[PDB]
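Structure record follows, encoded as structure tokens.
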Amino acid sequence: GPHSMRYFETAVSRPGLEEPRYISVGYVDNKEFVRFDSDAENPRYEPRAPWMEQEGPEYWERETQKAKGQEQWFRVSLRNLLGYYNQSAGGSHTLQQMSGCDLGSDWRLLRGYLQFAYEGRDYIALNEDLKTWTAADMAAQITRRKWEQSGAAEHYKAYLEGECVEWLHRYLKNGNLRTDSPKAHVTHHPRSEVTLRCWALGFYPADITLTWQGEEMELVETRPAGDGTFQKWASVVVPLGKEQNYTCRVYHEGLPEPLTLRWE
Amino acid sequence: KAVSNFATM
Amino acid sequence: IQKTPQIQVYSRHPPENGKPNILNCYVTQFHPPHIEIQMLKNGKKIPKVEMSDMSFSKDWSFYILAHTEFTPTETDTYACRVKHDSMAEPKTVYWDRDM
């Protein structure tokens with residue numbers, strides 16, 4: 001199966017605060033594994049899953065200094081951006097980064113990622129070639145030119161193809177993957193006509209499809225139960241007496257094949 | 001393995 | 001610029017009156033990340049509400065899960081109330097045990 005690593009980083013400035021708040025979250029296979037928060041009493045990268053406790057003290061020391069370096073980088077970048085957009089003092093501002101790698105089932109690099117947002121909107125991104133930059137904003141051209149002239153892309157490329165892949169291999173070995181199939185049931189709610197609501201519960205990961213049918217409806221967005229698993233439902237308003245004409249189908253990666261269900 | 005950025009914006 | 005929070009209120013386990021459960025308030029798709037979330041019983045703030053750490057999605061919007069222990073009853077009404085700069089007034093979503 002395929003694999004991935006991501007670091008999602010955020011710095012926020014506020015009218016009062018002397019220094020921005022910086023938060024970094026690391027993910028392996030879309031599951032949080034490390035976290036740094038500058039608001040902590042003694043800010044350090046901390047493990048977020050049990051399998052990371054295997055890493056010794058020098059690992060945490062190095063990563064913590066990386067994060068403190070990022071915190072400085074974000075502080076300076078936030079200041080530079082304020083200038084680029086002619087934003088005055090007295091506002092709140094946000095700078096975000098996503099970076100990392102996707103591996104195929106063979107554990108080889110499929111794609112590197114490096115994108116940034118200012119005020120929640122795309123600012124600059126490293127293209128899939130890992131050599132050139134896309135920047136929409138006129139203000140972002142200043143940064144694009146600066147990074148073209150400094151050769152920033154070659155260095156990010158080296159990280160993405162080297163370190164990102166190599167350390168993801170090490171984390172997949174130490175973390176040795178699993179999924180939880182959805183348990184489904186249909187509820188019955190008489191109204192004017194009855195609402196049949198098909199429930200999917202206890203599943204992981206969150207990606208799932210629910211359909212009602214012969215031929216292909218209200219729903220909710222997939223939501224966390226709070227215990228590591230997810231929930232979803234879909235409903236249809238259906239004639240009283242004729243509820244057996246309708247069948248709910250649940251598609252999830254953990255299923256040997258799609259579940260088919262009806263009101264019983 | 002956290003990324004360490006290069007040139008500032 | 002502002003993105004308005006989407007809110008769902010729902011229990012962790014299938015609700016049964018009299019039986020302790022966990023009530024969730026799942027707030028997504030918002031920007032800026034500063035937000036006030038309160039969970040209410042009969043219109044009054046519940047004091048001991050647990051808050052997930054804030055995270056953001058691949059579209060750069062922020063999300064967070066608030067939760068609290070509660071015991072559903074036939075007559076008590078639960079809700080989540082959110083204040084965010086994208087909305088002039090707070091937004092309240094009521095728990096419906098069937099949703």
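FYI, nothing fancy with the structure tokens labels: chains A, B, ... in order, residues from 1 per chain, ligands from 1 as they appear.
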
(request) Pull out every residue of chain C that has at least one atom within 12 Å of chain A, counting only C-alpha atoms, and report them as a VMD selection string. (result) chain C and resid 1 to 3 6 to 14 21 to 34 50 to 69 85 97 to 99

(message) I need the chain A residues near chain B as a ChimeraX atom specification; criterion: at most 8 Å, counting only C-alpha atoms.
(response) /A:7,26,63,66-67,69-70,73-74,76-77,80-81,99,143,146-147,150,152,155-156,159,163-164,167-168

Restrict the selected residues to N, CA, C and O atoms and save them as a short mmCIF file (atom, residue, chain, number, x, y, z; two decimals), in the first residue's frame.
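Dumped everything to again.cif:
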```
data_model
loop_
_atom_site.label_atom_id
_atom_site.label_comp_id
_atom_site.auth_asym_id
_atom_site.auth_seq_id
_atom_site.Cartn_x
_atom_site.Cartn_y
_atom_site.Cartn_z
N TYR A 7 4.61 17.57 6.96
CA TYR A 7 4.64 18.55 8.03
C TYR A 7 3.75 19.73 7.68
O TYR A 7 3.93 20.37 6.64
N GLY A 26 3.57 16.95 12.44
CA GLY A 26 4.04 15.93 11.54
C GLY A 26 3.04 14.80 11.44
O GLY A 26 2.45 14.40 12.44
N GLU A 63 15.39 17.82 16.23
CA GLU A 63 14.10 18.26 15.69
C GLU A 63 13.62 19.55 16.35
O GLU A 63 13.09 20.43 15.67
N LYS A 66 15.45 22.36 14.80
CA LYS A 66 14.82 22.60 13.48
C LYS A 66 13.58 23.50 13.62
O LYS A 66 13.46 24.51 12.92
N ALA A 67 12.70 23.14 14.56
CA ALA A 67 11.47 23.89 14.78
C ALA A 67 11.75 25.33 15.22
O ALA A 67 11.04 26.24 14.79
N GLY A 69 14.36 27.04 14.44
CA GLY A 69 14.77 27.66 13.19
C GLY A 69 13.55 28.03 12.33
O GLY A 69 13.48 29.13 11.84
N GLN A 70 12.58 27.13 12.21
CA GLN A 70 11.35 27.44 11.47
C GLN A 70 10.63 28.64 12.07
O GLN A 70 10.13 29.51 11.36
N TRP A 73 12.25 31.67 10.87
CA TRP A 73 11.96 31.82 9.44
C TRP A 73 10.55 32.39 9.25
O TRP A 73 10.38 33.34 8.47
N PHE A 74 9.56 31.84 9.96
CA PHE A 74 8.18 32.32 9.87
C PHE A 74 8.02 33.75 10.40
O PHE A 74 7.23 34.52 9.86
N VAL A 76 10.30 36.18 10.42
CA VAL A 76 10.86 37.08 9.42
C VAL A 76 9.97 37.14 8.16
O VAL A 76 9.75 38.22 7.62
N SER A 77 9.48 35.99 7.71
CA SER A 77 8.62 35.93 6.52
C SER A 77 7.31 36.71 6.71
O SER A 77 6.92 37.50 5.82
N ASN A 80 8.13 40.30 6.33
CA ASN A 80 8.37 40.64 4.92
C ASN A 80 7.05 40.77 4.14
O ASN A 80 6.86 41.73 3.42
N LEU A 81 6.15 39.81 4.35
CA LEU A 81 4.83 39.81 3.72
C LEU A 81 3.96 41.02 4.02
O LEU A 81 3.24 41.51 3.16
N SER A 99 4.55 20.41 3.59
CA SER A 99 5.68 19.83 2.88
C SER A 99 5.80 18.36 3.21
O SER A 99 5.43 17.92 4.29
N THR A 143 8.91 37.13 -3.92
CA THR A 143 9.45 35.91 -3.31
C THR A 143 9.95 34.91 -4.35
O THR A 143 11.02 34.33 -4.18
N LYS A 146 13.27 36.05 -5.67
CA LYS A 146 14.27 35.89 -4.62
C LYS A 146 14.70 34.43 -4.53
O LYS A 146 15.90 34.13 -4.47
N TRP A 147 13.75 33.51 -4.56
CA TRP A 147 14.05 32.08 -4.42
C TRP A 147 14.66 31.47 -5.68
O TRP A 147 15.42 30.50 -5.59
N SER A 150 18.38 32.70 -5.34
CA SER A 150 19.12 31.99 -4.29
C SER A 150 19.24 30.49 -4.56
O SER A 150 19.98 29.83 -3.88
N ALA A 152 16.80 28.21 -4.10
CA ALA A 152 16.10 27.53 -3.00
C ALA A 152 15.55 26.16 -3.39
O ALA A 152 15.61 25.23 -2.59
N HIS A 155 17.66 22.93 -3.02
CA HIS A 155 17.76 22.52 -1.62
C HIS A 155 16.48 21.83 -1.11
O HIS A 155 16.57 20.82 -0.41
N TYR A 156 15.30 22.37 -1.44
CA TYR A 156 14.06 21.71 -1.06
C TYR A 156 13.95 20.34 -1.75
O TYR A 156 13.52 19.37 -1.13
N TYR A 159 16.00 17.82 0.09
CA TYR A 159 15.23 17.37 1.26
C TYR A 159 14.16 16.35 0.88
O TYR A 159 14.06 15.27 1.48
N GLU A 163 16.16 13.14 2.50
CA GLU A 163 15.67 13.06 3.88
C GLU A 163 14.22 12.62 4.05
O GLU A 163 13.94 11.78 4.90
N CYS A 164 13.30 13.21 3.30
CA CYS A 164 11.89 12.89 3.47
C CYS A 164 11.64 11.40 3.26
O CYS A 164 11.01 10.75 4.10
N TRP A 167 13.79 9.01 5.94
CA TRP A 167 13.21 9.00 7.29
C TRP A 167 11.80 8.40 7.33
O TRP A 167 11.43 7.74 8.30
N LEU A 168 11.03 8.61 6.26
CA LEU A 168 9.75 7.91 6.14
C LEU A 168 9.96 6.39 6.11
O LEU A 168 9.20 5.66 6.73
#
```

(request) Mind the document's chain letters and residue numbers, and return as a ChimeraX atom specification the residues of region 5-238 of chain A that DSSP labels strand (DSSP E). (result) /A:5-13,21-28,31-37,46-47,93-103,109-118,121-126,133-134,183-190,194-203,209-212,218-219,223-224,230-238

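The spacing separating CA of residue 88 (chain A) from CA of residue 145 (chain A) amounts to 24.0 Å.
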
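Interatomic distance, CA of residue 180 (chain A) to CA of residue 5 (chain A): 21.1 Å.
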
(request) Mind checking which residues fall within 8 Å of region 45-56 of chain A, counting only C-alpha atoms, ignoring those fewer than 2 positions away in the same chain, and posting them as a list in words? (result) residues 32, 33, 34, 35, 36, 37, 43, 58, 59, 60, 63, 64, 67, 174 and 175 of chain A

Can those selected residues be exported to a file as a PDB file, in the first residue's frame so that it contains C-alpha atoms?
```pdb
ATOM      1  CA  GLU A  32      -0.256  12.681  13.608  1.00  0.00           C
ATOM      2  CA  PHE A  33       3.129  11.483  14.976  1.00  0.00           C
ATOM      3  CA  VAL A  34       4.942  14.592  16.289  1.00  0.00           C
ATOM      4  CA  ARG A  35       3.990  18.094  17.433  1.00  0.00           C
ATOM      5  CA  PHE A  36       5.764  21.365  18.302  1.00  0.00           C
ATOM      6  CA  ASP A  37       3.960  24.359  19.825  1.00  0.00           C
ATOM      7  CA  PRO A  43       8.660  24.243  23.570  1.00  0.00           C
ATOM      8  CA  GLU A  58      19.339  13.258  20.239  1.00  0.00           C
ATOM      9  CA  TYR A  59      16.482  12.834  17.756  1.00  0.00           C
ATOM     10  CA  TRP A  60      14.223  15.111  19.825  1.00  0.00           C
ATOM     11  CA  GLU A  63      14.104  18.263  15.693  1.00  0.00           C
ATOM     12  CA  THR A  64      13.471  20.873  18.401  1.00  0.00           C
ATOM     13  CA  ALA A  67      11.471  23.889  14.785  1.00  0.00           C
ATOM     14  CA  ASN A 174       9.322   1.385  13.499  1.00  0.00           C
ATOM     15  CA  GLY A 175       5.552   1.866  13.098  1.00  0.00           C
TER      16      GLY A 175
END
```

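Residue nearest residue 126 (chain A), chosen from A:109, A:138, A:245, A:144 and counting only C-alpha atoms: A:144.
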
(message) If DSSP is run on the backbone, what residues of region 36-250 of chain A are helix (DSSP H, G or I)? A reply as a PyMOL selection string would be ideal.
(response) chain A and resi 50-54+57-84+138-150+152-175+243-245

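The space separating CA of residue 153 (chain A) from CA of residue 20 (chain A) comes to 26.0 Å.
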